[PDB]
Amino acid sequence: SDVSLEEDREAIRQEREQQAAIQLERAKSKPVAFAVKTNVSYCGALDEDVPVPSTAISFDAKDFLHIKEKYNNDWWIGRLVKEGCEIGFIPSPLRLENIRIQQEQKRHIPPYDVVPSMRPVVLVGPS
């Protein structure tokens, strides 16, 4: 039964992935929280730790991204602001810094310029 422990691990991974896919789909209706301009490129197809498989975005340096929310320390949710690009998982600045530390050894400017912004806020009831 050294492989029933691995089915337990898989079931845990699957539940986590299902919840991530829900939060991703539900982000589509949230407002844009803020924009960033990128100072680095990133290829989500080559990333392996993505909360949902095949949903990491890609972008070039000097692109603009729209961020809907932060998922965890390594991932945000949003989209490349270009026609046809859809919402997905976005590597956090920390993740990009750690990729850069690896790309460095084996083969300082922050990876995103965050654009702070005012937003129109309509007050609702205290619920």
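Note that residue numbering begins at 1 and tracks the sequence as displayed.
- According to the PDB entry, the deposited sequence contains 10 or more residues between residue 107 and residue 108 that lack coordinates.
- For the pair 5-13 and 20-28, the mean B factor over Cα atoms is greater in 5-13.
- Comparing 44-52 with 58-66, the higher mean C-alpha B-factor in the PDB entry belongs to 44-52.
- When the modelled residues of the chain are ordered by their C-alpha B factor, residue 90 lands in the lowest third.
- Per the PDB record, residue ranking by Cα B-factor puts residue 102 in the highest third of the chain.
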